[PDB]
Amino acid sequence: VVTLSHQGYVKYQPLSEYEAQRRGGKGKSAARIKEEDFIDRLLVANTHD
Amino acid sequence: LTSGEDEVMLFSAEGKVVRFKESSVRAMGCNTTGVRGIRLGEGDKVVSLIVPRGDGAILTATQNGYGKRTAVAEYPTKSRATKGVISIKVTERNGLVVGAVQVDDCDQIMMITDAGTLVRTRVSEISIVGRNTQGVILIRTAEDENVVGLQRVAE
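So the protein lines, in turn, are chains A and B. Read in order, the letters of the first sequence correspond to residues 540 to 588 in the entry's author numbering. Read in order, the letters of the second sequence correspond to residues 687 to 841 in the entry's author numbering.
Here's what the structure looks like:
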């Protein structure tokens, strides 16, 4: 899974690190957010693509 | 990616759906402006795009994590550059429509806000409702937060 910031910072992490749950939870933070930035993109894809 | 013959559905944050055949649009060169394909209103932006395939898979979302599952076939189709119908109730507990996905059962989805807070749940706990219905609680959004991402995870 790939995440991108407004200023532009890319990273991908293994999918198995997360587990399904019931709707209505809080959820852990995927990436340590900057002081002044926000995530504006998201994508799921295979490593060899 | 679009094959020779398929359908294109455009969506807006104000609840607008437009479906038309891709045959009405012709191929062009690289450095070409293009043409208008949806009779867009004012104060709205096209925030999602879905190419229908198969059947029985549709989902929406809002700024507060409210969405619903509806049948694909109950969306009327007209010519391009034409007004659409209301796809989901705006209300006040939802906010603005962010994105739409074509996901059937046996799958999972991910929702991420502007401050992280990744979450992953299944689609079994969302039922089939009518188009003119409001959203139900999916993710417990926190203060000063809005849903920015919505992706589909297959089986």
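Backbone N, C-alpha and C define an ideal beta-carbon position, used for all residues, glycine too.
Practice item. Check the Cβ of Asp579/A against every Cβ in chain B and list those closer than 7 angstroms, keeping chain order. Key: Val834
Point to revise | Helix, strand or coil at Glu575/A [DSSP, three-state] | key: Correct three-state label for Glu575/A: coil.
Practice item. For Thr807/B, decide whether its Cβ has a neighbour in chain D, counting only Cβ atoms nearer than 9 angstroms. Key: The question asks about chain D, but that chain is absent: this structure's protein chains are A and B.
**Study point:** Residue environment, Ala759/B, which counts as buried when at least 16 other CB atoms sit within 10 Å
**Key:** exposed
Check your understanding: Taking a cut of 9 angstroms between CB atoms, which residues from the stretch 550-570 of chain A lie near chain B?
Key -> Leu554, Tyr557, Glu558, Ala559, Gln560, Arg561, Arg562, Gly563, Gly564, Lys565, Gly566, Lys567, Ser568, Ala569, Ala570
Review point. With distances taken from CA atoms, which of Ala584/A, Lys567/A, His587/A is nearest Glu556/A?
Key: That would be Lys567/A, whose Cα lies nearest to the Cα of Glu556/A.
Point to revise | Opening and closing residue of the beta strand (DSSP E) in which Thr542/A lies | key: 541-544
Review point. In chain A, which residues lie with their C-beta within 9 angstroms of the C-beta of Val784/B?
Key: The contacting residues do not exist; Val784/B stays about 11 angstroms from chain A at best.
Point to revise | Per-residue DSSP class, three states only, for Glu760/B | key: helix
Point to revise | Within-9 angstroms CB hit, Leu745/B to chain A | key: no
Practice item. Going by CA-CA distance only, name the one from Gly701/B, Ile812/B, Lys707/B that's closest to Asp692/B. Key: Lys707/B
**Study point:** is_contact[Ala801/B, chain A] using C-beta, thresh 9 angstroms
**Key:** yes
Exercise for review: Please say whether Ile798/B and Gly835/B have beta carbons closer to each other than 9 angstroms?
Suggested key: yes
Review point. What's the C-alpha gap between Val815/B and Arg739/B?
Key: 20 angstroms
Check your understanding: Counting Cβ pairs closer than 8 angstroms, one from the stretch 781-789 of chain B and one from the stretch 713-723 of chain B, do we hit at least three?
Key -> no
Exercise for review: Taking 8 angstroms as the threshold, find out whether the stretch 544-554 of chain A comes into contact with the stretch 569-581 of chain A through three or more Cβ pairs.
Suggested key: Flag = yes, the stretch 544-554 of chain A and the stretch 569-581 of chain A touch.
**Study point:** For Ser734/B, the first and last residue of its enclosing beta strand (DSSP E)
**Key:** 732-736
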